[PDB]
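The chain below stands alone and is given as structure tokens, in the form deposited in one PDB entry.
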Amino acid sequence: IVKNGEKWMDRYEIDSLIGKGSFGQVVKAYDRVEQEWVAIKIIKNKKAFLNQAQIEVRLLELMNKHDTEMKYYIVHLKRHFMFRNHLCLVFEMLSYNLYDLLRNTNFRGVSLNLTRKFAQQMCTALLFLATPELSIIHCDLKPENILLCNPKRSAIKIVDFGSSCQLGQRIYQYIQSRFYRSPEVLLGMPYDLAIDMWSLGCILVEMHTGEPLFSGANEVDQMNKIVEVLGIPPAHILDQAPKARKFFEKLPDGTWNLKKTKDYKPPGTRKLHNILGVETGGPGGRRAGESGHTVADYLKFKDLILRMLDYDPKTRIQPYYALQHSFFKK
């Protein structure tokens, strides 16, 4: 749509394409007023993309009018305007995403110490979105949506509030990227902020092993891969779940098992203990003898992840309590 050297509103000089999406495109631009580079998210001129981006602008503006040390893990929206019938969101410039970070390790993962630093910023971000007056569900947490502030540094910010909604402003049943999709969403149940904590648990394991924890090819495969690690979801959850029978079957004695198709490891036998290599020098034993990667370090990480991957969104660890976990104690 947009040429390099193009000048908008005697303010912005467009340089280059940063990214393309369902929603439109993101470009690098020079702001002559502030005298800084910015990222401009240009929404497509179609009602559907416009209406959803208006919700994104509303939630970012809501976050901005809250001044607390907790808010500075979210990309800053500087302002927005309409141009040639496109909603345009101006953000601060950030660096490359955590998926690019994994790609750069040849998908062998970053250290437990860098994983910790990412976890602690992300838990702080989730604590900020849980502030009662905000109550924002991100709904699309994944490595691609977490950007470094600076290519030299390990500071991060969350981007893409394109799917985000406040608690009790739910639009879509089908949300989150499949690998990072919570059991409650797979099961068609009303969702709350706990779905972001599920995504986070998936993301932290992937950041350390280099590979997605649950890489389903579709929803049925997704649930099967979760069940391989965590077992059959509790009956009290399956009993209240509209889509339980997409994946499971109830029995005379009030018990649930998998529906099987044509030929997974038996439920709960692919142990997070072995995926992390807690007692076998980390993922593929590639951390054998490295400092900050002792069995004790690994066990604390395992405990925190299993609390983030509670099937029950009610008892799943919440951001404040995740920040108090031993994994973050020096």
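Rigid core: the largest C-alpha set superposing within 1.5 Å between the two forms. Shifts are known only where both forms have a C-alpha. Heads up: residue numbers just count along the shown sequence, starting at 1.
**Prompt:** Is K262 without coordinates in at least a third of the other compared PDB entries of this protein that model the residues flanking it?
**Reply:** Yes, left without coordinates in at least a third.
**Item:** Unmodelled deposited residues between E69 and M70, binned
**Value:** The entry has no unmodelled residues between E69 and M70.
**Stretch with the greater mean C-alpha B-factor as recorded in the entry, comparing 245-253 against 140-148** = Looking at the recorded C-alpha B-factors, 245-253 comes out higher on average.
**Request:** Give the stretch, out of 267-275 and 288-296, with the larger mean C-alpha temperature factor in the deposited entry.
**Result:** Taking the mean B-factor of the alpha carbons in each, 288-296 is higher.
**Message:** Sorting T115, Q121, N106, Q176 by Cα temperature factor from the record, which one lands on top?
**Reply:** When the deposited C-alpha B-factors of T115, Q121, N106, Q176 are compared, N106 is largest.
**Among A53, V38, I305, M63 - the residue whose C-alpha B-factor is largest in the record** = Comparing C-alpha B-factors across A53, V38, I305, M63, the maximum falls on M63.
**Asked** Based on the entry's values, in what third of the chain does the Cα temperature factor of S164 lie: lowest, middle or highest?
**Response** Lowest third.
**Prompt:** Where does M189 sit by CA temperature factor within its chain: lowest, middle or highest third?
**Reply:** Middle third, going by the recorded CA B-factors of the chain.
**Request:** Would you mind checking where the Cα B-factor of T131 ranks among the modelled residues of its chain, as the lowest, middle or highest third?
**Result:** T131: CA B-factor falls in the middle third of its chain.
**Prompt:** Where does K259 sit by CA temperature factor within its chain: lowest, middle or highest third?
**Reply:** Highest third.
**Prompt:** Is the Cα B-factor recorded for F83 in the lowest, middle or highest third of its chain?
**Reply:** Highest third - that is where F83 ends up once the chain's C-alpha B-factors are sorted.
Below: the form deposited in another entry, not depicted.
**Message:** After superposing on the rigid core, which residue out of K71, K142, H80, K157 has its C-alpha displaced by 2 Å or more between the shown form and the other one?
**Reply:** Of all the options, the C-alpha that shifts by at least 2 Å belongs to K71.
**Prompt:** Quick one: once the rigid core is lined up, does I171 have its C-alpha move by 2 Å or more between the shown form and the other one?
**Reply:** Passes the 2 Å threshold, so yes.
**Message:** Given a superposition on the rigid core, I'd like a yes or no on whether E133 shifts its C-alpha by 2 Å or more between the shown form and the other one.
**Reply:** It does not reach a 2 Å shift.
**Message:** If the C-alpha spacing of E69 and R307 moves by 3 Å or more in that other deposited form, is that a move closer or farther apart?
**Reply:** Here the pair is closer than in that other deposited form; there, farther apart.
**Item:** Cα distance between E69 and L126, which in that other deposited form differs by 3 Å or more from this form, closer or farther
**Value:** It is farther: the C-alpha separation of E69 and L126 rises by at least 3 Å in that other deposited form.
**After core alignment, residue runs (3 or more) whose Cα moves 2 Å or more between the shown form and the other one** = These are the shifted runs between the shown form and the other one: 67-72, 169-171, 251-254.
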